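Visitor: Shown below is the structure under consideration.
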Amino acid sequence: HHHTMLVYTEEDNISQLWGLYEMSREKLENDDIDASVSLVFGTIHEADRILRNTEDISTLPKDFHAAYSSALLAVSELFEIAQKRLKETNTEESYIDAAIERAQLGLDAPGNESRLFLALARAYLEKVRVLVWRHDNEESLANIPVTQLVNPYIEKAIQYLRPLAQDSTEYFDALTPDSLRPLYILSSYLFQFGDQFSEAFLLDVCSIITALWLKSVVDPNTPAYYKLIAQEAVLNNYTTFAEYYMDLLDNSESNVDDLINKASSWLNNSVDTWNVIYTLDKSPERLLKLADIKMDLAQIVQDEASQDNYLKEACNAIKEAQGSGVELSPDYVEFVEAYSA
């Protein structure tokens with residue numbers, strides 16, 4: 001039924017305001033959730049004071065509405081726990097809604113837009129995840145086509161993401177491998193409902209995503225932990241695109257020798273990014289996914305000399321993976337056995 005406050009002046013407390021949110025996320029990483037919720041709620045209550053107490057609101061910067069938005073969204077993320085402090089009436093989706101609303105308000109406000117855009121595209125994508133769930137379990141929506149439903153939101157998310165991917169928008173603190181997690185929602189959405197989007201479109205977006213993940217980990221000294229979080233994502237992206245081409249390659253309505261040539265380069269982009277991950281984390285169980293790509297590569301390459309070669313590498317990958325104490329699942333064991341025959 002109350003809230004105490006920690007600040008002193010305006011220009012440097014829109015800055016204070018972010019530190020508070022940032023701390024929310026740092027407390028999250030150490031698994032301390034309640035602390036995070038307390039920081040998140042703090043941030044909200046504090047932005048409220050900042051609101052009432054300023055002389056003109058239209059003065060307040062884009063970067064403020066972003067912080068405020070990004071804090072509201074954090075409640076929907078930790079709603080499981082945070083709901084225990086709220087009236088018996090609020091909901092995860094209402095906060096995603098709030099986050100969207102407050103973010104949008106800053107569109108007019110003056111200031112750098114980088115933070116506010118990320119704040120939007122995040123809230124939007126999060127509304128898409130929830131919307132998809134509602135389509136499946138709410139019966140009001142059981143017959144509204146899920147594309148019809150979530151598209152308007154995907155469209156908006158892409159809209160603010162595109163600017164950020166551009167090299168013109170240079171790096172900023174709040175573009176972190178974590179801040180980008182919602183991008184996972186955009187990926188698996190293009191995955192299900194892809195047979196509805198032009199290959200050019202699919203390519204435009206699935207490159208905006210790739211671009212962003214890498215850019216969040218640009219600074220050469222990003223701790224290796226974070227570099228991993230992002231490279232994994234880029235890998236997941238590259239492989240998913242290669243598996244896209246491989247899927248219609250066997251269908252072959254177009255019968256083009258071209259699109260085997262297209263998928264190939266996507267899988268070397270996966271082998272590349274893999275070695276980057278294997279470098280920041282040399283765990284030997286990873287070898288199985290290097291095997292996985294090799295096999296996917298032999299399954300399309302033209303000439304038998306190369307197929308035979310790719311397989312000989314995936315075979316060695318799994319042998320070594322086991323030679324270092326990984327317990328091979330059945331699939332892998334009856335591959336190693338099958339090749340050496």
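Labels used: A, B, ... for chains in the order of the structure tokens, numbers from 1 for residues in each chain, and numbers from 1 for ligands as shown.
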Near residue 201 in chain A, within 12 Å and counting only C-alpha atoms, which residues show up once chain neighbours fewer than 6 positions away are dropped, as a list in words?
Guide: residues 155, 158, 190, 194, 195, 207 and 208 of chain A
Visitor: Determine which residues of range 86-270 of chain A DSSP labels as alpha helix (DSSP H) from the backbone of this structure, then write them out as a PyMOL selection string.
Guide: chain A and resi 92-105+114-137+146-165+183-192+199-215+224-251+258-270
Visitor: Counting only C-alpha atoms, which of A:75, A:211, A:146, A:280 gets nearest to residue 228 in chain A?
Guide: A:280
Visitor: Tell me which protein, DNA and RNA residues are within 10 Å of range 80-84 of chain A, counting only C-alpha atoms, leaving out same-chain ones fewer than 5 positions away, and put them as a JSON list (two decimals) with C-alpha atoms, in the first residue's frame.
Guide:
[["chain", "number", "residue", "atom", "x", "y", "z"],
["A", 33, "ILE", "CA", 13.88, -13.62, -8.74],
["A", 34, "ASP", "CA", 12.26, -11.72, -5.88],
["A", 36, "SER", "CA", 14.44, -8.73, -9.63],
["A", 37, "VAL", "CA", 10.73, -8.22, -9.11],
["A", 38, "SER", "CA", 11.53, -5.70, -6.35],
["A", 40, "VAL", "CA", 11.32, -3.97, -11.47],
["A", 41, "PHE", "CA", 8.50, -2.65, -9.28],
["A", 74, "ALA", "CA", 9.49, -7.36, -16.89],
["A", 75, "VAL", "CA", 6.41, -7.79, -14.72],
["A", 89, "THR", "CA", -7.39, -8.87, -10.61],
["A", 90, "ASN", "CA", -4.33, -8.22, -12.85],
["A", 91, "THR", "CA", -2.89, -10.46, -15.55],
["A", 92, "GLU", "CA", 0.26, -11.24, -17.48]]
Visitor: Quote the spacing between CA of residue 234 in chain A and CA of residue 107 in chain A in Å to one decimal place.
Guide: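 Distance reported for this atom pair: 29.9 Å.
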Visitor: Skipping near chain neighbours, those fewer than 6 positions away, what residues fall within 12 Å of range 336-340 of chain A using only C-alpha atoms, listed as a ChimeraX atom specification?
Guide: /A:288,291,295,308-322,328-330
Visitor: Compare A:287, A:217, A:256, A:78 by their minimum atom-to-atom distance to residue 25 in chain A, counting only C-alpha atoms, and give me the closest one.
Guide: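 Ranking A:287, A:217, A:256, A:78 by distance to residue 25 in chain A, first place goes to A:78.
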Visitor: List the neighbours of residue 51 in chain A out to 12 Å using only C-alpha atoms; skip same-chain residues closer than 3 positions along the sequence, and give me the result as number ranges by chain.
Guide: A: 10, 13-14, 44-48, 54-61, 64-65, 68
Visitor: In terms of the shortest atom-to-atom distance over only C-alpha atoms, which of A:23, A:100, A:277, A:248 is closest to residue 233 in chain A?
Guide: A:277
Visitor: For residue 237 in chain A, find every residue with an atom within 8 Å (counting only C-alpha atoms), except residues of its own chain fewer than 4 positions away, and show them as a short mmCIF file (atom, residue, chain, number, x, y, z; two decimals) with C-alpha atoms, in the first residue's frame.
Guide:
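Saved the output as around10.cif:
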data_model
loop_
_atom_site.label_atom_id
_atom_site.label_comp_id
_atom_site.auth_asym_id
_atom_site.auth_seq_id
_atom_site.Cartn_x
_atom_site.Cartn_y
_atom_site.Cartn_z
CA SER A 187 11.83 -17.06 -35.48
CA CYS A 206 15.75 -13.93 -40.96
CA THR A 210 20.81 -12.66 -37.36
CA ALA A 233 20.81 -18.16 -31.59
CA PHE A 241 17.01 -21.74 -42.89
#
Visitor: Between A:169, A:324, A:4, A:24, which one has atoms that come closest to residue 284 in chain A, using only C-alpha atoms?
Guide: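 Result for the nearest residue to residue 284 in chain A: A:324.
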Visitor: Between A:270, A:53, A:43, A:240, single out the one closest to residue 9 in chain A, counting only C-alpha atoms.
Guide: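 Among the listed residues, the smallest separation from residue 9 in chain A belongs to A:53.
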Visitor: From the options A:292, A:219, A:63, A:327, which residue's atoms come nearest to residue 177 in chain A, counting only C-alpha atoms?
Guide: A:219
